[PDB]
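Structure record follows, encoded as structure tokens.
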Amino acid sequence: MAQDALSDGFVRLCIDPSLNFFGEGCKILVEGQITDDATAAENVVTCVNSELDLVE
Amino acid sequence: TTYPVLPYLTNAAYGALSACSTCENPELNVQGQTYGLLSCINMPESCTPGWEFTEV
Numbered sequence: 001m002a003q004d005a006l007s008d009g010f011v012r013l014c015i016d017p018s019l020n021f022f023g024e025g026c027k028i029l030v031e032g033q034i035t036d037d038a039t040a041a042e043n044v045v046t047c048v049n050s051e052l053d054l055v056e
Numbered sequence: 281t282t283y284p285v286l287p288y289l290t291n292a293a294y295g296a297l298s299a300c301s302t303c304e305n306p307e308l309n310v311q312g313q314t315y316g317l318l319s320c321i322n323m324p325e326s327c328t329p330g331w332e333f334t335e336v
């Protein structure tokens, strides 16, 4: 129920500073070596989505 | 279960509100706080929904 203006459920509201609108565009491929702790599967094509997933 | 009003009192008021009092224009929907507000069948106010959201 909370605040009246949102009570009836006509409008379902989300607040998020990390979304994005773009329909996925052009696709790019990267290739190289890896070090031993790399949990990624060797010789397997993978998706990426952030710069911190590295190392892991 | 804990609805603190005699049920037939509310049913009658809502049914009357849906009567020609509002449905001489048959396309009109009875909802929300502009139209679905059947006149005040006074009741105590509380910080308890009665119907939990999942129940809703």
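Sequences listed follow chains b and d, in order. Using the entry's author numbering, you'd call the opening residue of the first sequence number 1 and step up by one each time. Using the entry's author numbering, you'd call the opening residue of the second sequence number 281 and step up by one each time. Note that beta-carbon positions come from the ideal geometry of N, C-alpha and C, so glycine has one too.
Residue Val44/b holds the alpha-carbon nearest to the alpha-carbon of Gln33/b among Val44/b, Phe21/b, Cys14/b.
A Cβ-Cβ contact shorter than 9 Å links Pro284/d with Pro324/d.
Assigned with DSSP and collapsed to three states, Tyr294/d falls in helix. Identification of residues in the segment 286-310 of chain d having a C-beta nearer than 8 Å to some C-beta of chain b yields an empty set. In this structure, the CA atom of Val310/d is about 12 Å from the CA atom of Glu304/d.
No residue range can be given for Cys327/d, since it is assigned to no alpha helix (DSSP H) and is classified by DSSP as neither H nor E. For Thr302/d, the secondary structure class from DSSP, reduced to helix, strand or coil, is helix.
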